[PDB]
Amino acid sequence: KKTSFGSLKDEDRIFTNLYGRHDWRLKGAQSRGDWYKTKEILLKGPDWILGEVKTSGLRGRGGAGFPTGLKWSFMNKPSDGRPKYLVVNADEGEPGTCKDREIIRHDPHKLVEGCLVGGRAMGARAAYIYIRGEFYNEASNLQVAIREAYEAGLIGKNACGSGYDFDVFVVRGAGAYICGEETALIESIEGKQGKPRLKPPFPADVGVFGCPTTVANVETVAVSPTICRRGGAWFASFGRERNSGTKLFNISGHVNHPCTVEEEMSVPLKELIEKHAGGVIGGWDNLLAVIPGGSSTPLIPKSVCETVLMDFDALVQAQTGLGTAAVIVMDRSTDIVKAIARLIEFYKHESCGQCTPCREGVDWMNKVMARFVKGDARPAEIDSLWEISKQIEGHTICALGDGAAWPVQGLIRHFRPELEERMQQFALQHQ
Amino acid sequence: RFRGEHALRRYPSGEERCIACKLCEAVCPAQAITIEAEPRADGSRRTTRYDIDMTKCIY
Amino acid sequence: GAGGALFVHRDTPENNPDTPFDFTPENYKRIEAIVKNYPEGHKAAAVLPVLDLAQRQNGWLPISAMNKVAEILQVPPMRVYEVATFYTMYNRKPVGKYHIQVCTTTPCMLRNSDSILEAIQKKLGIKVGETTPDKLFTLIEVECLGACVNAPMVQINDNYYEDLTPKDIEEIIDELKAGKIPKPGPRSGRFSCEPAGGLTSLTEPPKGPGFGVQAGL
Amino acid sequence: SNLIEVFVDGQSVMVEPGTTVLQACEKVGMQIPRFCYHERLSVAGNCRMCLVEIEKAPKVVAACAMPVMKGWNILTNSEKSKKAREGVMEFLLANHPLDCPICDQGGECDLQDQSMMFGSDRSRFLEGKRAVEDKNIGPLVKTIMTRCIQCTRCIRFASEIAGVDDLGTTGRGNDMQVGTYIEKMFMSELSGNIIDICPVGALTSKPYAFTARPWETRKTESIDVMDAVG
Amino acid sequence: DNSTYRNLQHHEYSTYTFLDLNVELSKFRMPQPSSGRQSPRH
Amino acid sequence: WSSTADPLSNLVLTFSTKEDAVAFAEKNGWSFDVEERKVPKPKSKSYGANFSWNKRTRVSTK
Ligand SMILES: NC(=O)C1=CN([C@@H]2O[C@H](COP(=O)(O)OP(=O)(O)OC[C@H]3O[C@@H](n4cnc5c(N)ncnc54)[C@H](O)[C@@H]3O)[C@@H](O)[C@H]2O)C=CC1
Ligand SMILES: Cc1cc2nc3c(=O)[nH]c(=O)nc-3n(C[C@H](O)[C@H](O)[C@H](O)COP(=O)(O)O)c2cc1C
Ligand code: SF4
Ligand code: SF4
Ligand code: SF4
Ligand code: SF4
Ligand code: FES
Ligand code: FES
Ligand SMILES: [Mg+2]
């Protein structure tokens, strides 16, 4: 029924210690409303929790946006003899993204409680939190919070006056962006290289150690206890339909006040930027392009950002996609081609190299974009690069190839005149 | 363009260009070329036999 | 652009199978705990934590350390070699006392990360990938470190130094030279990535337990 | 019984549960292009040369690894699968060295034949190619890893058939290499079969080097007498 | 109240803090499941 | 060079079926040996068996 979005009340947010200004330990979490009546939520049964998650309209915060209730109900099958596990994706690899780090370092007890609730809903015996290797202090804070939970009896043997045993393990990665992919993460946990495996089988059938497993984002896991406590209808009252709830946004790049903020789901992009980031450096007219959902999402020019909403469906209608809701802005004083080439270089350095399309094609596109930056190419190569991106996209084992092809496609689609003009300048200056 | 008597050429350094790929022997419509090869003392891929029957060759 | 590091090992007097390496008994207890964290049918899942512990004990990863890890976990040495060469946080060559990682990805590149790199290079007198003559500092360009809000930023031995200016990074470098550890976190006093003067959210006190608990629960 | 009905180019065929798309197409008489799949080895699914279109499906599937579902129609010769094959062949040939005259596997190359049959006839790769240093794994197998396409057939064969875990992949991305990471000889009673399983000239017989071309040899089928297996 | 930053404990983390915390947590874990074999290579 | 004295050293014939070849050999008065066709038997492939929970089919690398 509601038509306008983008004004979220302070008391209506979930991550109340986003900025670390309160106590992140157990006492502060208890004061702010964590670990409150978790025993009753555990005793309501997995079916009730799954129904609450489904009616909440929650979608994955990882970027895919898959309905979380359906994924978690994929594990509602009866036991077959193997243990069941919940894996929390804390790799935090997308450039422009900082939300999971902040909700891990400053609200770890929310993450632990969400792990417990998700494990109960999915029948998991333990939870493995795969934290990024570079986030050493965040991992230590999470370990301290898990120790506090074990001492208080909130997790472990019987976990409550409930009867459910649940363990929470933290496993550190070692410098690999691909290890954020769920199958690659599962392989990395098992002690191999972070190479993704093909689907099928899906993790709900064969996952970590060959056991049924669900891989979930940190934000998705952390919002579940609040969804259960306040009901799915309250969380669904936010945003548009099929786009309900609240989201953490990371604004970085050419803004006066880059920051991380939680805001209502279908917030307008310009309203979000102006109210939280302090506006674009040099004014809104100085804006050139925006990467709305991290490096894997295609860019959009200022005209699209004028009246675009920040959710999955409206951003797909803009040929971008929401992704991880990491907003990277660019003013008119920067080289768009150079930034896109830097992103392609990042993907070149982060590909695992398992399958030939991603490996060879991404190296090829890195070389092509490096030549494009200087203008050392000819105009007929733009369509060749587009066709190369088409060949990479949809033909790889995992979505890293898609996430590398999409920025090139967006850059071409919205700035072909820029590339052509750079090439002609090079041609005249070199004769 | 005119085709005369066959000859084996070499690089400016003085090493022979032939690498014993046997493509000429395969394509020869008259089977006039006989080739045998093995690794050289330095490990190079070179021929030990390269025979052309000029009474079978069609030029 | 290019890697610059080789993924084949050639025996060297200071890096060979006979190079002495062993685990401290405290590190052996830590290895016991790490192995205990996994089911007792899959002990190969502990290769990454054990290799990380070996690096933290030694500073880098000689081929003897990889062999010791493979022997301890009863895995083929080639699997440990694959793990060591796949993951970029493992140092297969000796590295300086303070490993400086500078992020040059697009979000940090937009907020003048090149100035930070140039300031570090001028202060230390080394290039992008070199090591100081006294084996005290090593410079490395890295990708996104998950602190794009606080760009530009660097990483020095598990610590994040954020919102850096050339002056700030010069002070960090010379203070680390002095001997005591600088405090981690963002500069300019913005207290971990909320708006510098905005305070556009989380202004009122958070609600206590049971504020919005639904009926029938 | 438990057979399911699937279609290959509109023609029905009954297959056992768990049958992959590649085997369903084989039961009809078509050989799907492949580089990493071997019938004797575990499924890898990395060369992506077996991508094929399922009717009413927007995304192609890996025929070697995807189990076929009941009622599926496999479009083995549709424009989508042909374009996928051409793109994969282009990516595979982008970095391959121009070594065909000096490669021992000239007329026996799966890469050459599948480029002729399923790839394009020209290249639009204007960059420089990669070059990796060779390895020494004994006097039986000659190693030229610039020709390697990273199909990991040798690694799987060594791990599963030969019982030797000395092979693997080091590095990442484009710079990922197949080898031992150390100077070590891959010596076993079954080490010579990695030459046969290798689709390209990366692994070749050392005593056989440079001596003959496949189209010249006459094939005689006989029996081994070196032992009592025959 | 709010103006104070209270995430100051991470400035005193050592090279072994994570593994010491894991060792401490070792006594709180439930017994691990078993696949029946020492390793897949067994 | 390689010299030969038989005219049938390069003669190879192609047949649709085994019966056609047998009939052709018989009507030409040639003693023949017939070898039954060898077909690769169908095999069970499972990508999920690579990541096995308790079996030896679990791979150590990929
Ligand atoms: N949060 C971060 O740091 C990063 C996020 N991303 C985002 O990840 C997105 C692509 O990642 P993918 O997981 O490969 O996309 P995906 O759509 O295939 O996966 C979405 C989730 O839903 C599950 N799922 C999907 N279909 C299923 C089915 N039929 N049955 C059972 N489960 C199913 C998957 O197991 C997965 O967990 C990208 O859009 C990207 O923006 C990418 C890099 C980093
Ligand atoms: C190359 C690649 C890297 C990824 N990295 C991450 C990551 O670091 N963190 C994350 O939460 N998801 C990451 N994802 C998306 C995961 O697949 C995601 O966690 C999974 O689909 C479940 O997400 P959900 O819980 O939000 O539904 C990555 C995906 C790809 C293809
Ligand atoms: S797309 Fe790239 S990262 Fe993903 S599996 Fe293939 S090679 Fe690895
Ligand atoms: S064998 Fe024939 S075609 Fe090949 S290099 Fe020698 S002369 Fe040329
Ligand atoms: S492996 Fe095949 S394609 Fe490559 S050089 Fe040798 S013959 Fe040519
Ligand atoms: S050496 Fe041959 S078999 Fe081994 S990965 Fe390379 S191409 Fe495949
Ligand atoms: S872009 Fe530098 S931390 Fe992510
Ligand atoms: S044959 Fe299927 S991906 Fe290689
Ligand atoms: Mg071969």
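Computed over heavy atoms, backbone and side chain alike; hydrogens, waters and symmetry mates excluded. Below, chain A is the first sequence line, B the second, and so on; all start at residue 1.
Note: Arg105(A) CZ to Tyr160(C) OH = 9.5 Å, rounded to the nearest 0.5 Å. Atom NE2 in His254(A) sits 7.5 Å away from atom CZ in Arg111(C) (nearest 0.5 Å). The structure places SG of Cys144(C) at 9.5 Å from OH of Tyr177(A), a figure rounded to the nearest 0.5 Å. Considering CZ of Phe135(A) and CG of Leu145(C), their distance stands at 7.5 Å, rounded to 0.5 Å. Here the straight-line distance linking atom CD of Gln101(C) with atom CD of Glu134(A) works out to 8.0 Å at 0.5 Å rounding. How far CZ of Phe211(C) is from CZ of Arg230(A): 5.5 Å, rounded to the nearest 0.5 Å.
The shortest side-chain heavy-atom distance between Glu263(A) and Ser201(C) does not fall under the 4.5 Å cut-off. In this structure the side chain of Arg172(A) reaches within 4.5 angstrom of the side chain of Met89(C), judged on heavy atoms.
Using a 4.5 Å cut-off between heavy atoms, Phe169(A) touches chain C through its side chain atoms alone. Using a 4.5 Å cut-off between heavy atoms, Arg13(A) touches chain C through its side chain atoms alone. With a 4.5 angstrom heavy-atom cutoff, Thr97(A) touches chain C only via backbone atoms. Residue contact with chain C, scored on non-hydrogen atoms closer than 4.5 Å, involves the side chain of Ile178(A) exclusively. Heavy atoms of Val80(C) lying under 4.5 Å from chain A are absent altogether. Proximity to chain C is limited to the backbone of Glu94(A), based on heavy atoms less than 4.5 angstrom apart. Contact annotation for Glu52(A): only side-chain heavy atoms (C-beta onward) come within less than 4.5 Å of a heavy atom of chain C. Residue contact with chain C, scored on non-hydrogen atoms closer than 4.5 Å, involves the backbone and the side chain of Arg32(A) alike. Contacts of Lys367(A) with chain C are absent, with no heavy-atom separation under 4.5 Å from either backbone or side chain. For a residue to count as touching a neighbouring chain, one of its non-hydrogen atoms must lie under 4.5 Å from one of that chain's; by this rule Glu190(A) touches chain C with the backbone only. Heavy atoms of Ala147(C) lying under 4.5 Å from chain A belong to its backbone as well as its side chain. At a 4.5 Å heavy-atom cutoff, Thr226(A) makes no contact with chain C through either its backbone or its side chain. For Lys99(A), no part lies under 4.5 angstrom from a heavy atom of chain C. Interface remark: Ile328(A) contributes side-chain atoms only to the contact with chain C (heavy atom separation under 4.5 Å). For chain A, the nearby part of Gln155(C) is the side chain; its heavy atoms alone come within less than 4.5 Å. Contacts of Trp35(A) with chain C are absent, with no heavy-atom separation under 4.5 Å from either backbone or side chain. Residue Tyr347(A): no heavy atom, backbone or side chain, is found under 4.5 Å from chain C.
Other residues, nucleotides and ligands contribute more than 12 heavy atoms inside 6.0 Å of the NZ atom of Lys37(A). Residue-environment remark: NZ (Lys39(A)) stays at or below the threshold of 12 foreign heavy atoms within 6.0 Å. Residue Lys348(A) qualifies as enclosed at atom NZ: its count of foreign heavy atoms under 6.0 Å is above 12. Residue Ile181(C) qualifies as open at atom CD1: its count of foreign heavy atoms under 6.0 Å is 12 or below.
For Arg21(A) against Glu194(C), the heavy-atom pair with the smallest separation is NH2-OE2, 3.0 Å. Residues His106(A) and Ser192(C) share a closest heavy-atom pair of CE1-OG, 3.4 Å. A pairwise comparison of heavy atoms in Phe86(C) and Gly194(A) identifies CE2-N, 3.2 Å as the closest pair. In terms of heavy-atom proximity, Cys148(C) sits nearest to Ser252(A) at O-CB, 3.6 Å. Among all heavy-atom pairs drawn from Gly191(A) and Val83(C), the shortest one is O-CG2, 3.3 Å. Taking each heavy atom of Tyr87(C) and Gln193(A) in turn, the nearest pair found is OH-C, 3.5 Å.
Of the listed residues (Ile189(A), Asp34(A), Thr334(A)), the greatest number of heavy-atom pairs within a distance under 4.5 Å of chain C belongs to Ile189(A). No other option in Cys103(C), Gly3(C), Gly1(C) has as many heavy-atom pairs under 4.5 Å with chain A as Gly1(C). Chain A forms the most heavy-atom pairs under 4.5 Å with one residue out of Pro184(C), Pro195(C), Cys108(C), and that residue is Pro195(C). Considering only heavy-atom pairs separated by less than 4.5 Å from chain A, the leading option among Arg79(C), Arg190(C), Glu204(C), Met109(C) is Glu204(C). Between chain C and the options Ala233(A), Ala176(A), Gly253(A), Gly20(A), the largest number of non-hydrogen pairs under 4.5 Å is found for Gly253(A). Counting heavy-atom pairs closer than 4.5 Å to chain A, the top residue among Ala215(C), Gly210(C), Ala151(C), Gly197(C) is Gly210(C). Interface check for chain C: of the options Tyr19(A), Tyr36(A), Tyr128(A), the most heavy-atom pairs under 4.5 Å are formed by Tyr19(A). With respect to chain C, the highest number of heavy-atom pairs below 4.5 Å among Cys98(A), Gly353(A), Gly33(A), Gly93(A) belongs to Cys98(A). Interface remark: of the candidates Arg132(A), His22(A), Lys338(A), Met330(A), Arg132(A) forms the most heavy-atom pairs closer than 4.5 Å to chain C.
Counted by atom type alone, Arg342(A) and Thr104(C) present one or more donor-acceptor pairs between their side chains at under 3.5 Å.
A donor-acceptor pair under 3.5 Å is absent between the side-chain atoms of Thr200(C) and the main chain of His276(A), judged by distance alone. Judged by distance alone, the side chain of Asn137(A) and the main-chain N or O of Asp158(C) form a donor-acceptor pair under 3.5 Å.
Near-neighbour residues of residues 33-58 of chain C relative to chain A, defined by a heavy atom under 4.5 Å from a heavy atom of that chain, comprise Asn37(C), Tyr38(C), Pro39(C), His42(C), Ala44(C), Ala45(C), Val47(C), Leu48(C), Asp52(C), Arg56(C).
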*Does the pair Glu141(C) and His349(A) meet the rule for a side chain to side chain contact (heavy atoms under 4.5 Å, CB included), with working shown?*
CA-CA 12 Å; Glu141(C) 271 178 321; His349(A) 283 303; over 6 Å; no
